[PDB]
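Visitor: In the order they appear, the protein sequences are chains A and B.
In this text, residue positions in the first sequence follow the UniProt record's numbering: the first is 2, and each later residue adds one.
In this text, residue positions in the second sequence follow the UniProt record's numbering: the first is 2, and each later residue adds one.
Dumping the structure here so I can ask a few things about it.
There are 2 protein chains.
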Amino acid sequence: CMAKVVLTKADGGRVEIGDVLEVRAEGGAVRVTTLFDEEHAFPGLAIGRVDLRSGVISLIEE
Amino acid sequence: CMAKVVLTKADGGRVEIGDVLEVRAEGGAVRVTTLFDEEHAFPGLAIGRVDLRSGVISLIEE
């Protein structure tokens, strides 16, 4: 399975991160690990939706 | 891609749901839709982890 994470900021800015390996919600943040051995951490967010057709994982405010 | 949902109860009991299409966290619950037009609601849970290698989506107590 190939997945991307999407989120929208309070200002309407949208961020998408591809080549996702793992998404974990812990300690008040969402951590996104990718295939390039990088992690992106988003404090105050939760995992809102996982859509297996599209491969999209949507983040939301916790 | 195949995904399954997994959750562990307070007593150590595990539940697994296969053939998952969509997982959504809203209104204090997680809703799991499957490929056979079945939907399962889990109140009090959140989406804790999404693991793209294994295809496992883990639910946790909110």
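Idealized CB from N, CA, C, for every residue including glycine.
Alpha carbon to alpha carbon, what distance is there between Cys2/A and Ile18/B?
Guide: If you take the alpha carbons of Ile18/B and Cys2/A, they lie about 17 Å apart.
Visitor: Can you pull the DSSP bridge partners for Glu40/A?
Guide: Its beta-bridge partners are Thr34/A.
Visitor: Report yes or no: do three or more beta-carbon pairs, one from the region 17-33 of chain B and one from the region 47-56 of chain A, lie closer than 8 Å?
Guide: They touch, by the three-pair rule.
Visitor: Would you list the residues sitting across from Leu46/B in a DSSP beta bridge?
Guide: Per DSSP, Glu62/B.
Visitor: What are the residues in the region 46-58 of chain B lying within 8 Å of chain A by C-beta distance?
Guide: Those would be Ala47, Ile48, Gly49, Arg50, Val51, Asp52, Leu53, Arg54, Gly56 and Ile58, in chain order.
Visitor: Using beta carbons (cut-off 7 Å, strictly below), is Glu40/B in contact with chain A?
Guide: Not one chain A Cβ lies under 7 Å of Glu40/B.
Visitor: Whole angstroms is fine: what's the gap from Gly13/B's alpha carbon to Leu46/B's?
Guide: Approximately 15 Å, taken between the alpha carbons.
Visitor: Would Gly49/A and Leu36/A qualify as a contact pair, given that the criterion is a beta-carbon distance under 7 Å?
Guide: Not closer than 7 Å, so no.
Visitor: Between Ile58/A and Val6/A, is the Cβ-Cβ spacing less than 7 Å?
Guide: Their beta carbons are under 7 Å apart, which means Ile58/A touches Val6/A by this criterion.
Visitor: Do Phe43/B and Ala30/B have their C-beta atoms closer together than 7 Å?
Guide: Going by C-beta atoms, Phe43/B is nearer than 7 Å to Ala30/B.
Visitor: On the three-state DSSP scale, how would you describe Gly13/A?
Guide: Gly13/A falls in the coil class under three-state DSSP.
Visitor: Could you pull out every residue in the same chain whose Cβ sits closer than 7 Å to the Cβ of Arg32/A, ignoring the five residues on either side in sequence?
Guide: Taken in chain order, the residues that qualify are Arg25, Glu40 and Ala42.
Visitor: Quick check on DSSP: helix, strand or coil for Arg25/B?
Guide: DSSP places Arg25/B in strand when its eight states are reduced to three.
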